[PDB]
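Peer 1: Quick one: the structure is below, questions incoming.
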Amino acid sequence: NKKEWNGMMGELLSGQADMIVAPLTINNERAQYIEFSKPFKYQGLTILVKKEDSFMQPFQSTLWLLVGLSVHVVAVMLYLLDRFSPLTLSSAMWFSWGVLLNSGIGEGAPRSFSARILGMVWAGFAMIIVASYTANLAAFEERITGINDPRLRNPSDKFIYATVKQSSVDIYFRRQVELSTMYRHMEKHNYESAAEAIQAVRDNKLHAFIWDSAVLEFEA
Amino acid sequence: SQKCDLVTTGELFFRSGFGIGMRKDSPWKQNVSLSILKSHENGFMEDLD
Amino acid sequence: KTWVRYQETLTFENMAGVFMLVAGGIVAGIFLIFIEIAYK
Amino acid sequence: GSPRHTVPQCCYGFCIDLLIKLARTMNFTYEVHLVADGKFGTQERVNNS
Amino acid sequence: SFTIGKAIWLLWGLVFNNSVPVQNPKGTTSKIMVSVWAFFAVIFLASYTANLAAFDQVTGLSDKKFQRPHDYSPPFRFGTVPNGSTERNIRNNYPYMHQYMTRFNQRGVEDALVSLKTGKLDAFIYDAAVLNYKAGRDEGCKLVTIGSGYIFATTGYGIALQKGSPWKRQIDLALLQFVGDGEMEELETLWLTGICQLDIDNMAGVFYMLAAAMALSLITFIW
Amino acid sequence: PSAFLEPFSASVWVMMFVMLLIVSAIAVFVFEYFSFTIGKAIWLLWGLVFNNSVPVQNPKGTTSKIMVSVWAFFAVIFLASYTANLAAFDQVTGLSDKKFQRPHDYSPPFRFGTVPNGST
Amino acid sequence: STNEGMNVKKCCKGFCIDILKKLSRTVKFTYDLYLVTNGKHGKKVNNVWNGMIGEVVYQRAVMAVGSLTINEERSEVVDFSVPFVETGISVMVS
Ligand SMILES: *[C@@H]1O[C@H](CO)[C@@H](O)[C@H](O)[C@H]1NC(C)=O
Ligand SMILES: *[C@@H]1O[C@H](CO)[C@@H](O)[C@H](O)[C@H]1NC(C)=O
Ligand SMILES: *[C@@H]1O[C@H](CO)[C@@H](O)[C@H](O)[C@H]1NC(C)=O
Ligand SMILES: *[C@@H]1O[C@H](CO)[C@@H](O)[C@H](O)[C@H]1NC(C)=O
């Protein structure tokens, strides 16, 4: 029942190493065993993420059927006014679907001595409907931002965050007693080296990664 | 709440204590201070707001 | 200076359902046109 | 503005109801007179001495 | 050729330009006037779309909206609960924020809840996970907090005993036994929740004006 | 805003040519069943997007006007998506801005510096 | 009008009641549970507390098994246990 070390400290205490030239992390356990020097690097942690339209079917289908029934009623009453004058039905449907067409059609003008007002109001009505539709289509979460996040305390298959296996950052996360759930989440995705973590986050398999700041600034 | 052109700015400093300007040493200050403290302990400013 | 300072409507997945519904409307319109030709 | 024109008028509002509450707490009355000028007051040098 | 007195239909059909043929313009002056009126209709439609386009709230504790909502036109308000440690946390952080709370006082937890359900309150400062529970048990996922406590205080709970109690170490060992075996995760899973363009009045008023247009068309049809 | 590659992205343009070929073949089949739309259907189909084309006399069998209306609605929603793409396409407010920590909220980064070993 | 009252018996459940029952199973003591009648969580008004702090500090209660927040003044008047949940602060909006 003895607690030991491995890697650089496993070779330093066994005689296979004499001078660690590496970013060694200062904590409680390593300062009481071996001596330290003046810290040459001042560096912090950061989170590596991957930061890289309701047309008809997601849009609610009440007003589309309303416009359809409206143009149906308009065509029926224009055909009835063509009956009661103060290919008739085909030309009436051509006019009623050519006013709404709004792009150009090879048609003429029907006899609208008492129906031109209904046609001009329907034309302005259709254009103000499509203008309001264009207006409210033109007018109308990936980041983590730190460790204080209860969404990471209840993770899922999308909130994927991990760390380097057997790292001093993992030791600092294990030391704090309120970091048990994130430790249990990161121990399921233990990664050996940093290049494997870069390859995993590049291939859209990761969403967050705890890593030092200046290295990711150099990678940026 | 009366007009539609009175909007206060983001600057708000010198938040001092507005009270009652009293005179010098006199026995009619302690009872007034206890009445003000009685106004502090209840909802005397809330209903007037 | 040598290490730190030295620096160096999508219509793919969003409009896929747009393409599917527009293609379905085109197929339905072509079917109505061929039924109209076969009737008259 | 005016040489001498002071009439009995009606005073009410926020501070008047505060003074009515103070007169309700402790058994005393008051007499409200209005100030002549409309200035708060600074440390002004007088023209003599 | 109907531009004697019937130019209204031609003119207001050339406003929107919905492919309405009227006549064959042989005069140069008429085509110049139609082109100038069409350019005026294009810039009027551009101004109309600009009017339609011109027609998370607080993203930090140091935001200017806590000072004054002067950046936007509608103002909001917020407050905390009395006789609590949240007011002492505010007085330890910012006495200015304590005076903002003192101006906008409120009654209590259930009264602020009724004010949020009826719309008599905009913002309410409370705990982090408990408002997540209230958002999860909310019908329709309506009351949603701004984030979940990113750059906030992030405090915790504990069990307070008397200074000099001999039973404190056994309770501490019992809590370390309760947390370090997955039982606390089971309690946080069981006793918590896990559930959580369109306008009405404008096209209704356009429908009232359309009903007036049908009334005017009926008047012009009967006479 | 030098040049945009967002709406078509050189992958939908093949489908535009395929739909032009299909509409041209339908026009040839209707003209065989039944007027310059034999091989010139590109100017008649793509010309009805910017709503100032020459009015071509459609046949009386109610054949071309339905697909003209469908392509017109497609052009209207395409121009609506184009205006939405154009709409979706001071700098520093103060110390309360998120740019001083990291400008990752926006697309370009920036940089700042003071005098070396001074009172600043 | 006065401080007259009656002892109403009420039932309790929830998270802290489960914590109290698990401490009664582990430590094996008899709990004396009663609701506070002074007010909310606590705020010192002229060396007079109220609520659970007023019950524990003024030698009227032994411990606070229920939920109690942690700040500077409650770290000064009493001592807390180890933390078990991260419940910070947030803002509910409409
Ligand atoms: C009023 O003040 C006097 C001291 O000047 C004090 O003895 C007395 O108790 C006070 N009475 C009340 C009702 O506050
Ligand atoms: C109020 O009236 C009573 C009458 O006994 C007496 O104490 C005194 O005159 C007044 N002062 C107070 C306590 O307000
Ligand atoms: C003092 O003299 C000035 C003129 O120099 C005059 O305007 C003012 O009313 C006088 N009174 C005082 C004390 O200011
Ligand atoms: C706090 O509790 C006291 C009773 O101890 C009560 O009078 C007061 O209204 C409560 N809240 C405030 C506003 O301090």
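By the numbers in Swiss-Prot, the shown part of chain A spans 494-545, 552-585, 601-654, 661-740.
Using N, Cα and C of the backbone, Cβ positions are placed for all residues, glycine too.
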Peer 1: Of A:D581, A:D732, which does Swiss-Prot put in the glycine site with A:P516, A:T518, A:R523, A:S688?
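Peer 2: So the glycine site in Swiss-Prot includes A:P516, A:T518, A:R523, A:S688 plus, from the candidates A:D581, A:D732, A:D732.
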Peer 1: Same-chain residues six or more away whose CB lies under 8 A from the CB of A:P516 (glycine binding site)?
Peer 2: A:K534, A:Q536, A:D732
Peer 1: If you run through the topological domain 'Cytoplasmic' (A:625-630) with DSSP, how many residues end up as helix, strand and coil?
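Peer 2: Tallied per class, the topological domain 'Cytoplasmic' (A:625-630) gives 1 helix, 0 strand, 5 coil.
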Peer 1: When DSSP is mapped onto helix/strand/coil, what comes out for A:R523 (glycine binding site)?
Peer 2: helix
Peer 1: Across all chains shown, how many C-beta atoms besides its own are within 10 angstroms of the C-beta of A:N674 (N-linked glycosylation site)?
Peer 2: 16
Peer 1: Can you count helix, strand and coil residues in the region 'Pore-forming' (A:603-624) using DSSP?
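Peer 2: Secondary-structure composition of the region 'Pore-forming' (A:603-624): 11 helix, 1 strand, 10 coil.
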Peer 1: How many Å separate the two farthest-apart Cα atoms among the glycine-binding residues A:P516, A:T518, A:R523, A:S688, A:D732?
Peer 2: 20
Peer 1: Ligand 2: which of the binding-site residues A:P516, A:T518, A:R523 have a Cβ closer than 6 angstroms to it?
Peer 2: none
